[PDB]
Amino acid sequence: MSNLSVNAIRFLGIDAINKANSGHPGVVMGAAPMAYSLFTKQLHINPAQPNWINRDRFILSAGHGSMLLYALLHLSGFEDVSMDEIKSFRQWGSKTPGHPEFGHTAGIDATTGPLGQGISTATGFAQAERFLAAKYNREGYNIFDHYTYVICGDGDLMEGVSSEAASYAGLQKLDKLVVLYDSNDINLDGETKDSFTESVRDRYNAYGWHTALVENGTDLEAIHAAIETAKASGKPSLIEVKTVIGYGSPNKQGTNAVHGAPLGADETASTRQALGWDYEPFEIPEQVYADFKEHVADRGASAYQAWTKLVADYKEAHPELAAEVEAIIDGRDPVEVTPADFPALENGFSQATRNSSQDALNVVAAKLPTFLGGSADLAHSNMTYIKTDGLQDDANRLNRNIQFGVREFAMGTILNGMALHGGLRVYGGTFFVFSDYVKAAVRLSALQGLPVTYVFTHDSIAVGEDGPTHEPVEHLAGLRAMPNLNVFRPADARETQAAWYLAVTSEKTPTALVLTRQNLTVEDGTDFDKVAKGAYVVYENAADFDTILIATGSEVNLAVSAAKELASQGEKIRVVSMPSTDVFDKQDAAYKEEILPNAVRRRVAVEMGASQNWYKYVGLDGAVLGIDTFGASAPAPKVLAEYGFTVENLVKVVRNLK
């Protein structure tokens, strides 16, 4: 049934796209042979156990060909993809959305669609398998041992993020990563002669990868032999496969006219005739089902039974490892972090919060053996090192510090890949101003529900001499507006302890930590336990106050000092600290009225950044002291004075509000 099975894939895609009147047929018709060869000869997957921790992983980086993956899962027997769901492709509430989504459809390993990020994120899947294998395997017990596979297209290899990833992966020697490249000479606006003329395989040779060419994209035995050679090469692999987009369409194959529109009735009838397919829409003969059940489902189910018997014997042979590995198979952390792990700090202690962050992340690393991370060539200024280890690489696989090089975007995608695999907790650092370079991978953290921790230091004009290209202004507003992201800006060393404890116990929300270069003073009124509420009171001189100051981070020290001045003139005032706007917004309506009462409308907000998001708390009769221009090159005390952040100026702002 090989030709028969291959065409069953093609026509399930074509007919499903015609009925939704929406979708992408070209890639399904071109890539069906190489995907059939991969599912029937390489992958070990079990449709009765779709989340098996030691299954082979697969990522469709060219996410617009989603109907190719849906057809393969239906024919193999996955429960969530019935024929009724194939007939509901791209409709409200279905299991078959227009681009693949993780956690919504059982059997799908990663959310794709944004070009470049699929092939990049697969690097982290492969690295996560290497660490777990080095920590836990023993002689005769290969508990963690599997491959990572991907299919990509022309668009993926034009995007810069995938060049970053391939350079890093060649240095790291990740020999279990295997990529199939659909090379059909067409993209959305036309032919690659006007867009993409480089030699792709010569470039990948310079990174230290294995490369090869398959001239006839419909030859099943040539495709299998190349994959076998790639797995024996000792290097990450890129196999270029020449295909015809829209293969079988007499009037439109080889043209961009089949890239992203349904074929329609007249061309669909001409395509059936040319390929010899006389079955009606959604009619698949029994021969094809029996082919997929022998070579995918039964093969995958046999490998799963042998793995479970292996794990049972492993727990008997090594009782000192049994507890941790059992937890990981349950989907839990091997060890539990608690508030009692962090020492108490004294009022008046003076420390910059980048240094407070290093102290707290070293407490976590000593307690939890599956916590790891790195930086983008800024470890010596972010202060991200775990001080008991060196650098991780092919010759030192258990170390927990990673050097990413100057590659912020790919760093985001690799963390996502390590979090998707299962078993680990991860983090990564850079300067706050260059969060623009990684913003699109932060969105995929928020979309897939991954608790990844981003470490952004050097947060304001207090940077000083480096100047406007190195000084953040607009960046907090941009991040606070993104759904399912929690942004923390702690006020001293004590608030920094709490934010790390929340970041490392989060269930399905990523965290961004915003930290200072200059020293800050531990306040008498801050409190570890109250940070989990998002905002709380740190100063108040009279229970009948009529004035409220709101502040975050390094501006909390400034606002408390101004309140004591105003109090000595006879005012009645309260100071609120708000380390997270996103967490405060989720609290109960009773708690919000206790912190910001409706009857007190005299309000002033303070923060060294754009004014935009503070009007939802101060309203039309309040004021905001922020920054709405670019920065300046000079020592930091002078720049702060020229921009209005002094105690004197804040006192003036409050007295002129009435």
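Position 1 is the first residue in the sequence shown; the rest follow in order.
Participant: Per the record, averaged over C-alpha atoms, which has the higher B-factor: 602-610 or 618-626?
Facilitator: So the stretch with the higher mean C-alpha B-factor is 618-626.
Participant: On average, are the C-alpha B-factors higher in 486-494 or in 252-260?
Facilitator: Stretch with the higher mean C-alpha B-factor: 252-260.
Participant: Per the coordinate record, which of the options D194, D459, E164, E240 holds the highest CA temperature factor?
Facilitator: Out of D194, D459, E164, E240, the record gives the largest C-alpha B-factor to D194.
Participant: Which is it among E129, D185, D219, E336: the one with the largest CA B-factor in the entry?
Facilitator: Answer for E129, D185, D219, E336: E336, with the highest C-alpha B-factor.
Participant: Please place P472 in the lowest, middle or highest third of its chain by C-alpha B factor as given in the entry.
Facilitator: Middle third, going by the recorded CA B-factors of the chain.
Participant: When the modelled residues of the chain are sorted by Cα temperature factor, does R10 land in the lowest, middle or highest third?
Facilitator: It falls in the middle third of the chain.
Participant: Taking the C-alpha B-factors as the PDB entry records them, is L368 in the lowest, middle or highest third of its chain?
Facilitator: Tercile = highest for this residue's CA B-factor.
Participant: According to the PDB entry, is the CA B factor of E571 in the bottom, middle or top third of its chain, that is, lowest, middle or highest?
Facilitator: Within its chain, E571 is a highest-third residue by C-alpha B-factor, going by the deposited values.
Participant: When the modelled residues of the chain are sorted by Cα temperature factor, does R425 land in the lowest, middle or highest third?
Facilitator: Within its chain, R425 is a lowest-third residue by C-alpha B-factor, going by the deposited values.
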